[PDB]
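Student: For reference, the structure I am asking about is given below.
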Number of protein chains: 4
Amino acid sequence: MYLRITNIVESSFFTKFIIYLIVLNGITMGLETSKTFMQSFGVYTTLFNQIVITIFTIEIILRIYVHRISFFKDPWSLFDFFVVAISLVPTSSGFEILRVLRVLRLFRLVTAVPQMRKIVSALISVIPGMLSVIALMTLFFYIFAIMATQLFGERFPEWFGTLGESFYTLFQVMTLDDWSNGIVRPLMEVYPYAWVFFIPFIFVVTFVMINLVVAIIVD
Amino acid sequence: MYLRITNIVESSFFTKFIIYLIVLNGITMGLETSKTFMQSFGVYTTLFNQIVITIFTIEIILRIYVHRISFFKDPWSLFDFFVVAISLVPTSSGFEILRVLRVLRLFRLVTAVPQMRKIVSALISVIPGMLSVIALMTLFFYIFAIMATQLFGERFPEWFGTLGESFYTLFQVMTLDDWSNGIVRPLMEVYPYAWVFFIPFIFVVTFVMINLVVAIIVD
Amino acid sequence: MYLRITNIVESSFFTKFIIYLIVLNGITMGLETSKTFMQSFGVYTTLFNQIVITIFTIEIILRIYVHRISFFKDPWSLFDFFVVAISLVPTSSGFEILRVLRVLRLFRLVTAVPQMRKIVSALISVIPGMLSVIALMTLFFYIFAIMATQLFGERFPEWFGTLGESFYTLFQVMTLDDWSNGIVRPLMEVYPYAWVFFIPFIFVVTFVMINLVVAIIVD
Amino acid sequence: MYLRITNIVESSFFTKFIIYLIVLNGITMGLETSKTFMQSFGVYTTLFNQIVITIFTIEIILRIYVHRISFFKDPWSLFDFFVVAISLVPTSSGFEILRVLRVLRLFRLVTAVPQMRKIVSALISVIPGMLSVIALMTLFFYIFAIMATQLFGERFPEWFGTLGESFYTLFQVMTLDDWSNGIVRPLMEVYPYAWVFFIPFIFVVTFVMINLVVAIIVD
Ligand SMILES: CCOC(=O)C1=C(COCCN(C)C)NC(C)=C(C(=O)OC)[C@H]1c1ccccc1Br
Ligand SMILES: [Ca+2]
Ligand SMILES: [Ca+2]
């Protein structure tokens, strides 16, 4: 009798059972940071991990039985699938980072609690309207990063030797973080006019962000 | 004597006298900071402090007789109690710290001047809307602080050794405080891809902030 | 005698004469910056400044014969008065800083050109709305300067050694300037809990400002 | 007959064709940034460029036939002209700052795509309303830059030795970047009241900026 399992997943106790579970693995993962805790009580913490990872895998499968193909247009579930799946690749071999990846699963507190999903809606939703302004700027970064690599990358490789470096550096300058005493004044000992580059650049990059914040605000 | 006391506390001179005294204690507390000045007046001051702390103690008692239970449903009045109270623990016995905490009674000039109560009130009133966006931020901070301890706490313990440290650093980075030349460039000498953590983090953190302001303005 | 002079001061020639003299002086003052120029043309422009100072003085006297009381209840005319008067104080010997206040006379470009006054006035108009907030800030900064000088002033005399210094260092923290790697991290080497003064202070100091601006928008 | 060419220029293939060319050269110019790529494909890109600068040149000529005297009244076309003109001067052997200036041609992506031109058009559009404020700021900066040179250039020539420098530092202090520990605290070692120049300065420049944004928002 299909509808019988299908009704369990939708219950208020199931989700909250899961919500109460994630909060537990999350607090677990916190204590997992304490080096003292991890070998004074480490086995319980390894155990909770396999249980919860199994239980969550069960929970996702049930919702798959229930939702069938309509599960794969729920971003939240797609997220849940990929985030639980992540926590399931075997540690042995491969990437130790995937082992760190597991904690992303703590974002399920977001996935399972309606206000957070609703908070994100305010967050995600101004983004599509910005992609155009994000397009102009990105282009600018791409153009200026290039000019910065050719003008300063020979003598200042750490900062500008490569395209990526001009980007990472320019972002920094864009965040305005220790940009003068830290990047331009040194440049200017070798290339006295480097300010004719950065000062306009900062302007454009500063100006755009400001007006971008404005168009967001009126709405 | 109920009405007789009631007419005292409510007079325009008692509060003005008490307010005047606050302005007086505040002038002395500033004065107390000079170690020269202390030698000449140290005792001289020491008593004005104990006089003012008593006069105020009288005040709190008088105001309580009039209101009984209605005194302790006034958030502004509770604060006055708690602020004068902790100034009652003796100059030792627990921590020389309480001795520094007592300066909080100058927040009484706020307490006693109505124009200020509205500004503070206007200020406090923005907060409840934020508590949803605030909570969400705390989760992201909690998740990333964990990944950060595991990723960077071994080679860079000052910055990421513990959740606390991972937190503190992240807050700093959140403030974009010397974040670039000062933290992420050093991380990258060891973990070249560390920019994949902070650059996305900085994005989320500055973005959510915008909308925290956006939602404030619009609402 | 009245109108003929009166027919002078409201005339487009008079003000414009005074305007072109500001701009010329604004240009002459740039030249005075180079030791090189001053070396071989210094006596040339030391005199030009003098004519203009006289001309501005004649100008202030005239507007007074014409206006009298009306003159000294006009803020833009009062500034001019004061910004001309200060420029009347002797350069070479005795007091040296007033010699530097002279270039303040380039602010006469603001008073004499109508689009500037309106923008300055629009700008000033914002101020009354925020004075309650501003008073609050100074009480708040003060309260904190006291706690700071006594908490940290001993091991970090430079940063908190004096009431005035703690105001200063705290003001820096509000600009978020090099605040963490630069101040709090160091403070924490000795006083691990110093983040309990500065992280809340930061949140609050950030909070109020944001609201002051939001207050401007709403106003 | 002149009519026959005119129908080619105006086609939907044409403008789309040029855009597509821009994106190739834009991808291609990222490739000129890698010396590695240059030891294999450099010969392809040194000429792929040259025919693009040829094709764009042919195209600019064409658009001049079709639009006549009205072409040099089109802001976007005028740019195309100059940004293409720059790209034609061969290789080295003059001022080779110009070889990198070639990349400004990737901004034709902006001129030729209508959403980008709007944002940009929208963005520039805020400028005319700022020009009164920019004028004021620059008069403020220029004034404070003069003063800094007379007060601080002797002992701190790197920073205030000359007007330009004084300008630069003041710009830096305005972006609030490592201003205290980086500039003013060192100043104060020799000239103790420098905080009185810089903190009011810091306020004003901060005051205007906040207030201009509010003006953007309401209008
Ligand atoms: C939210 C969890 O973060 C923490 O554990 C910390 C608290 C408790 O969290 C409070 C978070 N909030 C007040 C900022 N005090 C704050 C303030 C820290 C921090 O770096 O946050 C900016 C760290 C910390 C904890 C234990 C021992 C040392 C440290 Br150092
Ligand atoms: Ca810095
Ligand atoms: Ca900084």
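As a convention, Cβ positions derive from the backbone with ideal geometry for all residues, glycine included, and neighbour counts pool all protein chains shown. What follows is calculated from the coordinates using simple rules that are stated; it is not laboratory data.
Student: To the nearest whole number, what is the average tally of beta carbon atoms from other chains within 10 Å of the beta carbons of peptide A:176-187?
Tutor: Rounded to a whole number, the mean comes out at 6.
Student: Beyond 21 Å between alpha-carbons counts as too far, so tell me which of C:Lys16/C:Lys118; D:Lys73/D:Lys118; C:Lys118/D:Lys118; B:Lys73/B:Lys118 fall in that bin.
Tutor: Distance filter (> 21 Å) returns C:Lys118/D:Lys118.
Student: Near the amide H of C:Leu176, under 5 Å away, which other amide H atoms are found, from residues 5 or more places off or on another chain, if H is placed in the peptide plane?
Tutor: none
Student: Tell me the angle of helix D:163-174 to the major Cα principal axis of chain D, expressed in degrees between 0 and 90 and rounded to the nearest ten.
Tutor: Helix D:163-174 sits roughly 90 degrees off the main axis of chain D.
Student: Among B:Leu163, D:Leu131, what is the fewest-to-most ranking by other Cβ atoms within 10 Å?
Tutor: Values: B:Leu163 19, D:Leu131 10.
Fewest to most other Cβ atoms nearby, the residues stand as D:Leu131, B:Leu163.
Student: Using only Cα atoms, find the angle between the long axis of helix B:195-218 and the longest principal axis of chain B, and express it within 0 to 90 degrees, rounded to the nearest 10.
Tutor: For B:195-218 against chain B, the angle is about 40 degrees.
Student: If you average the alpha carbon positions of region A:43-113 and of region C:30-45, how far apart do those two centres end up, in angstrom?
Tutor: If we compute the Cα centre of each part, the gap is 75 Å.
Student: Next question, about the same structure. Using a label point 7 Å beyond Cα on the Cα-Cβ vector, give me the inter-copy distances for C:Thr91 in nanometres, one decimal, shortest first.
Tutor: Label-point distances to the other copies, shortest first: 5.7, 5.7, 7.9 nm.
Student: If we sort D:150-162, B:45-57 on the protection proxy, mean other Cβ atoms within 10 Å, highest first, what's the order?
Tutor: Per-residue mean Cβ counts within 10 Å order the peptides as D:150-162, B:45-57.
Student: Using unit Cβ charges (K, R positive; D, E negative) and no other charged atoms, how large, in debye to the nearest 20, is the dipole of region D:1-114 about its Cα centre? Intermediate results must be reported in sequence, preceding the final value.
Tutor: Numbers: 10 positive and 6 negative charges, 17 e Å.
With only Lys, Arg, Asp and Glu charged at Cβ, the dipole is about 80 debye.
Student: Quick check for me: using +1 on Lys/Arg Cβ and -1 on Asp/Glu Cβ, what's the dipole size of region A:118-219 about its Cα centre, in debye to the nearest 20?
Tutor: For this selection, approximately 220 debye.
Student: One decimal, nm, shortest first: give the distances between the label point of C:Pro75 and those of the same position in the other copies, each label point 7 Å from Cα along Cα→Cβ.
Tutor: Label-point distances to the other copies, shortest first: 3.4, 3.5, 4.9 nm.
Student: With the dipole of chain A worked out from charges on the C-beta (+1 for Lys and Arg, -1 for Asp and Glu) around the Cα centre, which of A:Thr33, A:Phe17, A:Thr138 lies farthest toward the positive end?
Tutor: A:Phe17
Student: Further question: Sorted from shortest, what are the nm distances separating the label point of C:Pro157 from equivalent points in the other copies, each placed 7 Å from Cα along Cα to C-beta?
Tutor: 3.3, 3.4, 4.7
Student: Find the chain B residue whose Cβ sits closest to the rotation axis that carries B onto C, and give that distance in whole Å.
Tutor: Nearest Cβ to that rotation axis, in whole Å: B:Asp178, 4.
Student: Placing one identical point scatterer on every Cα of the protein assembly as shown and ignoring solvent, what is log10 I(q)/I(0) from the Debye formula at q = 0.07 Å⁻¹?
Tutor: -0.78
Student: Oh, and also: Can you give the translational diffusion coefficient of chain C in µm²/s, computed by Stokes-Einstein from the Kirkwood radius over Cα pairs at 37 °C and 0.692 mPa s? Before the final figure, lay out each step's value.
Tutor: Details: Rh = 21.7 Å.
After rounding, the answer is 151 µm²/s.
Student: Follow-up question, since we're still on this one. Go through C:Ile60, C:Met174, C:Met209 and say which Cα lies farthest out towards the positive end of the charge dipole of chain C; charges sit on Cβ, +1 for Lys and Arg, -1 for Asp and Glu.
Tutor: Checking the options against the dipole of chain C, the answer is C:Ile60.
Student: A further question on this structure: Output ³J(HN,Hα) for region C:109-125: one whole-Hz value per residue in order, computed from phi by the Karplus curve 6.51 cos²θ - 1.76 cosθ + 1.60 with θ = phi - 60°, and x for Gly and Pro.
Tutor: 4, 6, 6, 9, 10, x, 5, 5, 3, 5, 5, 4, 5, 4, 4, 4, 4
Student: Residue by residue through A:146-153, how many Cβ atoms from other chains fall within 10 Å of the Cβ on average?
Tutor: Partner-chain Cβ atoms within 10 Å, mean over residues of A:146-153: 5.
Student: Please list, in order along region C:147-153, the HN-Hα scalar couplings obtained from phi with the Karplus expression 6.51 cos²θ - 1.76 cosθ + 1.60 (θ = phi - 60°), rounded to whole Hz, x for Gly and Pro.
Tutor: With the stated coefficients, region C:147-153 comes to 4, 4, 4, 7, 6, 10, x Hz.
Student: Where nothing but the Cβ of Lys and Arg (+1) and of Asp and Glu (-1) is charged, how large is the charge dipole of the protein assembly as shown around its Cα centre, in debye to the nearest 20? Working shown, then result.
Tutor: On the way: 56 positive and 52 negative charges, 389 e Å.
For this selection, approximately 1860 debye.
Student: For region B:1-114, which semi-axes, largest first and in whole Å, follow from the square roots of 5 times the eigenvalues of its Cα gyration tensor?
Tutor: Over the Cα atoms of region B:1-114, the semi-axes work out to 27, 16, 12 Å.
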